[PDB]
Amino acid sequence: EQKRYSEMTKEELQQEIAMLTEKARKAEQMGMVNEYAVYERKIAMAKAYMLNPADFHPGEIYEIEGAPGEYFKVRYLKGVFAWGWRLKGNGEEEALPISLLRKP
């Protein structure tokens with residue numbers, strides 16, 4: 001029965017991502033925009049657990065993966081999350097999976 005992403009090995013995370021990727025693909029062909037975005041969030045989360053939170057630092061600003069020209073300013077890290085805010089948007093704080101920050 002389903003393991004949480006935080007308990008999976010790399011091999012399990014990769015298999016979960018492959019499965020989610022195929023559903024995301026069909027959702028896209030069918031035009032199920034909301035279902036597609038749900039699968040993409042899960043994929044981002046699974047990817048985050050294959051990255052190193054240490055590569056990210058408070059005060060640093062990063063390009064946002066899947067969104068050219070947009071940047072995120074990191075206030076602080078927690079687990080596989082970076083809390084901070086998008087520059088081009090409102091100063092509202094937001095938690096973003098580290099997989100959505102373009103590596104150094």
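Because only heavy atoms are used, hydrogens play no part in the values below, and waters and symmetry mates are left out as well, while side chains stay in. Positions are given from 1 along the sequence.
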Side-chain heavy atoms of [X] within contact of [Y], under 4.5 Å:
X	Y	answer
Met45	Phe81	yes
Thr21	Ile43	yes
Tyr49	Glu12	no

What closest approach, in Å, do [X] and [Y] show between heavy atoms, and which atom pair accounts for it?
X	Y	value
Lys10	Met50	NZ-SD, 3.4 Å
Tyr5	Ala46	CD1-N, 3.8 Å
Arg102	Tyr62	O-CD2, 3.7 Å
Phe72	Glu94	CZ-O, 3.5 Å
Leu101	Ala82	CD1-CB, 3.7 Å
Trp85	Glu92	CB-O, 3.6 Å

Approximate separation, where rounding is to 0.5 Å, of [X] [atom1] and [Y] [atom2]:
X	Y	atom1	atom2	value
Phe56	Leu77	CZ	CG	8.0 Å
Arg86	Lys73	CZ	NZ	15.5 Å
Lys47	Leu13	NZ	CG	12.0 Å
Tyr39	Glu28	OH	CD	13.5 Å
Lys88	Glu70	NZ	CD	4.0 Å
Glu16	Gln2	CD	CD	5.5 Å

Assess whether atom NZ of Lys103 is packed by more than 12 heavy atoms of other residues, nucleotides or ligands within 6.0 Å.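 Check passes, neighbour count above 12.
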
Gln15: which residues meet the side chain to side chain donor-acceptor pair (under 3.5 Å) condition with it, sequence neighbours left out?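 Checked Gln15 against side chain to side chain donor-acceptor pair (under 3.5 Å); matches are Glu11.
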
Linked, directly or transitively: [X] and [Y] (ILVMFWY side chains, under 4.5 Å):
X	Y	value
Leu51	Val74	yes
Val38	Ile17	no
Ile98	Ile61	no

Test: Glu22 and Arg25 ion pair at under 4.0 Å: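 Yes, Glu22 and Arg25 are salt-bridged.
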
